[PDB]
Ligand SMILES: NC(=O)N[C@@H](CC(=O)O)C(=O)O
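As structure tokens, one chain now follows by itself in the form solved without the ligand.
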């Protein structure tokens, strides 16, 4: 192959947007500079649009194998590419769960078979995520497992978490966690606050999350293991982590797009498209997440793509499941209400979805360096458009942003030099 994008905008190594061109030879960034003269490659003028490295989503739910109806590896991967992602990481909460050799192989096959984008599989912590027996971290490690977690549910037994961190630490890997203390769930369907108080609905207190994060941080320090927190959502959660990094403990965390733009006060009514775990909490918590993202307490942004079908979200929020699709929303949504809003610079948004996510886990990605795989995404910052689940490539159309008008939409994604997705008029 041999491409060469002309007249575009990109972020240099100093973290500043400067107009340049980009050459692609043999699925690898051949040359990055201005007026890259290469009279031997098909020209693709981006007319000043944004040229950036493929987005890195470290928290996704492809559903396959298990509920291939909610989503599929090829469909979920296609939408992902539409959102600009070139590397995603599927969670192990699928049935069967990647808790052994045979399962990790069967999953690793479906990927290299029907997956339009890079898919690093998450290794489970306990078999069938029952949390009573630890899996063979060595095997999964060999079978190219990204990291270990029981996402969807939390590791209730403390001694299991300590053991898991010791072993993971030896294998030089991370333990990702869905922090949630069951005895505190109070079987809520939203956040325990103003909203749950007005609609007479059970709410989930913040402590249900913060308590586990606090516990894991000590275990992590005791095992000297890289600990990463999933979708932070409370003021106390950010604090506990901030005190942690201040002590020099290897801890990292992420925050979802919806937890950065919406809080409880934004839920119009008992609408299932606003129900997810963790839920949208107070504005006090919202401000905390934003403050944590700006001071370093929060290391990266992850969508936590949780696709579902309308038939399921159809029933009351109490019966309805937790989860919101986010692949095709992520960037445009964040560029309009965050960057364009002033909260953060364009340079930071990109980093929070490319180099920062990659470094936290040691991945040769999220960077437009010469010699690296050609994982690129072209973005139109000018054109304004409304979010319409009708046009989503993902089977999951469960989104609360239906109608919202944004900018910064991915128009073309390149996975390994090969185009994985194109808009339809660029």
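Numbering follows the first chain given and starts at 1.
The next section is about a form of this same protein that is not shown, the form solved in complex with the ligand.
- Classification of the binding site as open follows from the superposed pose of the ligand in the deposited complex: not one of its atoms falls inside 2.4 Å of a backbone or C-beta atom here.
- Here the marked residues 63, 93 and 304 all reach the ligand in the deposited complex, each with a heavy atom within 4.5 angstroms.
- Of the candidate stretches 376-384, 361-369, 55-63, 41-49, only 55-63 has residues whose heavy atoms lie within 4.5 Å of the ligand in the deposited complex.
- Only one of 178, 228, 103, 191 comes within 4.5 Å of the ligand in the deposited complex through a heavy atom, and that residue is 178.
- The single contact residue among 123, 323, 257, 203, judged by any heavy atom lying within 4.5 Å of the ligand in the deposited complex, is 323.
- Shown alone here, residue 281 lies farther than 4.5 Å from the ligand in the deposited complex, counting heavy atoms only.
- In the deposited complex, at least one heavy atom of residue 277 sits within 4.5 Å of a heavy atom of the ligand.
- In the deposited complex, the ligand sits within 4.5 Å of a heavy atom belonging to residue 152.
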